[PDB]
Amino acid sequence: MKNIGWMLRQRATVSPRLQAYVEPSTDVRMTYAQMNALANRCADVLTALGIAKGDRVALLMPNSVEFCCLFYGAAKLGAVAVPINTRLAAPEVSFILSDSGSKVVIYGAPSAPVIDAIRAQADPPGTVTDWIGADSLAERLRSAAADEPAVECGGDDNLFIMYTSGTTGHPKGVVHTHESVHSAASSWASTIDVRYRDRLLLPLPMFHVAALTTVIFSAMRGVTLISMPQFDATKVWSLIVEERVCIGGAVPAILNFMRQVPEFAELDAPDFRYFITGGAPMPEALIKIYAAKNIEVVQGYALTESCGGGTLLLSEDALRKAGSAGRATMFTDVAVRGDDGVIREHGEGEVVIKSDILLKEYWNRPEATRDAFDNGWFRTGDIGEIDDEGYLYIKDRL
């Protein structure tokens, strides 16, 4: 069986001295050997905190090496990580904590006021036994052992619970296993043009499924993650050039706001090849602007339930199929479910997905889980059309 945590170790075996995590703003630089060593300390810390295989560990903190190492460490233990959106208010964070039955919460200094509010409320999440802030994590990690854990786990064992974007009415925990995450990161590494030793810019919050899949897929391919904790458009370009970024993740808005700053006018980053985007189509204009600087753009379509995987639109078809979500990526099949309940490869209907990247279930939501599955196919709830060329077009929501 595959184990996301073991994979980090294996990467540290293959490329021990390869730069794995680069964070300028904080001057935090680490090789894969060091990152894997930090995860082991993280695993030791969690164990002493009473975390056992299956147990949930909440992570409320800014992007950081600690975040990645904590879930990687959790992965080696068979524990389940619950990364939480840091823009969330106390009552919502509290909801996620009790719904997930998290027993340990690791939080950053910026989230202290949120953790304090929850702890002062009437009826705080009963399952939480420890609230570990930045200071305590530092203290604990310092006396932590760096030994490699020895726990047979992985495969279909839970690894993460990602709660569906804020609200739409039904906030649910999306549970992914080592296999579904492995398959997703595998899908990405096999679909987009990623290369060993490439340097990739991650400006997205690490609680986001796409971002999570990015740090994991980076370890799998042996990519140097370039971290920009809090996106800042006044520094993003110099980071791209000074750190010799080859690939960058972003949303259409960011890119449109980025080709505006002064630094853009005469940008000269030889190493930078393309941006990956999703969540909204890319305006033919915004594309051409970037095509100008010889910068390519790949656009994808995915959900939390698909672990950030799904369809993708290669640059070459950006204008030819502008307004399209692309085609199915490696290791994943996409089609449409009619009103007759019949699934077809072409035509309009509800976009359905069949791949190993799919969630195991909705955390403690039996009915929702069974209603999202139809003979192996996951119903996205999105209406769309697939043309004879096999390109997907996202319409309204079912």
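Throughout, we count residues from 1 along the sequence that is shown.
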(message) Test of understanding: from the entry's C-alpha B-factors, which stretch has the higher mean, 269-277 or 155-163?
(response) 269-277
(message) So, looking at the entry's B-factor column for Cα atoms, which has the higher mean, 345-353 or 32-40?
(response) 345-353
(message) Looking at the C-alpha B-factor values in the deposited entry, which of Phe71, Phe217, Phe207, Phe264 comes out highest?
(response) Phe264
(message) Per the entry's Cα B factor values, which of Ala291, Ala150, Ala138, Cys307 stands out as the maximum?
(response) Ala291
(message) Could you place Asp333 in the lowest, middle or highest third of its chain by Cα temperature factor, using the values in the record?
(response) middle
(request) Looking at the entry's B-factor column for C-alpha atoms only, identify whether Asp27 ranks in the lowest, middle or highest third of its chain. (result) highest
(message) What third of the chain does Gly248 rank in for C-alpha temperature factor, lowest, middle or highest?
(response) middle
(request) Divide the modelled residues of the chain into thirds by Cα B-factor and specify which third, lowest, middle or highest, holds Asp99. (result) lowest
(request) Would you please rank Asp55 by its C-alpha temperature factor against the other modelled residues of its chain and give the third it falls in: lowest, middle or highest? (result) lowest
